[PDB]
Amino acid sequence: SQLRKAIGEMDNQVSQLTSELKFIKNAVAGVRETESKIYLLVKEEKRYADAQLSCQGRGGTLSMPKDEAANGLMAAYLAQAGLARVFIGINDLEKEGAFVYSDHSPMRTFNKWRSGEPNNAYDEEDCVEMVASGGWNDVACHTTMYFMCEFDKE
């Protein structure tokens, strides 16, 4: 009816917001999302401690590739941005050789360590980076680089 004219504009209005929001989310912010989690590449060079705080400030933590799918998405995300490396949510700060995720959940069978890694170079590497290939590498926590945050859609 006559309200449908006003309402009909609203179907278009709501539809328009959906399209533009998609644009902002994808084309502008360049964010990645699965069915349960959202991933965000933050292009600010920080050390591991500051990177984790930044992720927590946004309501998440450093990305935690616990399976093949998550790691692959993160790798593709890295590739398209033309980045060589980012911090991720893996470390062995609390006990050398004993790696855990940022949520303190234990490391498991799945991993993407590059050959020879983790090697704890110079006995000063307790944090983990992901390279464009998707592989993992332990590095010094005082190292400065970009990082990626993970958000649970809960």
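Throughout, we count residues from 1 along the sequence that is shown.
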### Task
On mean C-alpha B-factor from the PDB entry, just flag whether 99-107 or 116-124 is the higher one.
99-107
## Note on the structure
Looking only at C-alpha temperature factors in the entry, 62-70 or 85-93, the higher average sits in 62-70
### Query
Quick one: which of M145, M10, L17, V131 has the biggest Cα B-factor according to the entry?
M10
### Message
Based on the deposited C-alpha B factors for this chain, I'd like to know if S54 is in the lowest, middle or highest third.
### Response
lowest
### Query
What third of its chain, lowest, middle or highest, does the C-alpha temperature factor of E35 fall into?
highest
